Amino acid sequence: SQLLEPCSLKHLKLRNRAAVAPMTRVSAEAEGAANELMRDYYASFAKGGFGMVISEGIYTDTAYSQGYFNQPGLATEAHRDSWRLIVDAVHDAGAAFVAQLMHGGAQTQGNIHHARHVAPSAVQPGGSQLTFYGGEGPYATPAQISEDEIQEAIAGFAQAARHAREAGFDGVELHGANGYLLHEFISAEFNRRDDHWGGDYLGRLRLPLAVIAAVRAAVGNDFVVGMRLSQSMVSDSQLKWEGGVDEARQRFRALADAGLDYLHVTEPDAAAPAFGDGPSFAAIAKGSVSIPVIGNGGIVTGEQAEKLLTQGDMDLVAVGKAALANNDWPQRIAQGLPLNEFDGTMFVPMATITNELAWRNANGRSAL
């Protein structure tokens, strides 16, 4: 019942507390524009009753930001205009639509402008490239990003956010998670800089704080700006935030107090303790800031979502795999209908919309 309670997010009035989590589908045009297949794809979640749809990570600039081939952008006016009809379709079905803004950093696998990658420090990520986005084998070692490249990246977030607002999105989500550029700056392991972008766990927030400030100047004070945060990285799902609960509370507070309107946190298991003992990562955030907290990670069933909301571990519930398994997830929960089990073969060999549609046709598994 709490899942189907309306809520407010700044000036936005959301019909329920169900959100579609951001998911990279590498189904845009080769030079970054969104398209009609993406229109139908995103509209389907809105028709399925989600109160809020968060886009896949959208790149921000025409320099290093693009992380995957056929990833959409918001860097140019052509990119902006290509999203308009998608925004309109999601809105016509009654969902708010938030543009996730992301810079690939050290986790880039394909970028049409450069083979060179940039990161706070020249440290190769561990793990291995995600083949279903295009690419195989070890991550490249990134070049240490320069002050001029940092300023270009900040300006790109601001411009992409202004483009999101102009295209009609209801908000932006700054991608500070999952091992991408902003998270690399947050992290102790990968931000080894000795300048004013490095330091202790608070000093390392300076780049995300600068991005928040620049974005807020570009979009004004009435537009929704959130940030996604995680301990995990795509290159290392076991990584922890330095310290424990108290240092986590301080990061959440610093970022929120810079003028975010929500936090979105993601963990391998949203219900598990963040630091081995004690509260979940989402619960820590919700107990340290007044703005809404969207939680995420392994939330599959209606009962699981309801438990997280009714226990006070989060204000909204973002689902990825469950939304792909049933685009009408919130409606099916209300009707007591069974859910489909998520089946990762739908992403083989590339996680594109086209491959999903072929898989659904072969398996009789309608999204709605």
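So that there is no doubt, residue numbering starts at 1 and follows the sequence shown.
Engineer: Got a sec? Mean C-alpha B-factor, which is higher, 99-107 or 190-198?
Structural biologist: According to the PDB entry, the answer is 190-198.
Engineer: With respect to the recorded C-alpha B factors, which stretch has the higher mean value, 130-138 or 278-286?
Structural biologist: Stretch with the greater average CA B-factor: 130-138.
Engineer: Of the options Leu316, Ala30, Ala323, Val53, which has the highest CA B factor as deposited?
Structural biologist: In the PDB entry, the greatest C-alpha B-factor among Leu316, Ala30, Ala323, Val53 is found at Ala30.
Engineer: Can you work out whether the C-alpha temperature factor of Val348 puts it in the lowest, middle or highest third of the chain?
Structural biologist: Highest third - that is where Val348 ends up once the chain's C-alpha B-factors are sorted.
Engineer: Please place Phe157 in the lowest, middle or highest third of its chain by C-alpha B factor as given in the entry.
Structural biologist: Ranked within chain, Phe157 CA B lands in the middle tercile.
Engineer: Considering every modelled residue of the chain and its Cα B-factor in the PDB entry, is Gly220 in the lowest, middle or highest third?
Structural biologist: According to the entry, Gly220 has a C-alpha B-factor in the chain's highest third.
Engineer: Taking the entry's C-alpha B-factors for this chain, is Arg204 in the lowest, middle or highest third?
Structural biologist: For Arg204, whose C-alpha B-factor we compare with every modelled residue in the chain, the answer is the lowest third.
Engineer: Place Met23 in the lowest, middle or highest third of its chain's C-alpha B-factors, as listed in the PDB entry.
Structural biologist: Its C-alpha B-factor belongs to the middle third of this chain's values.
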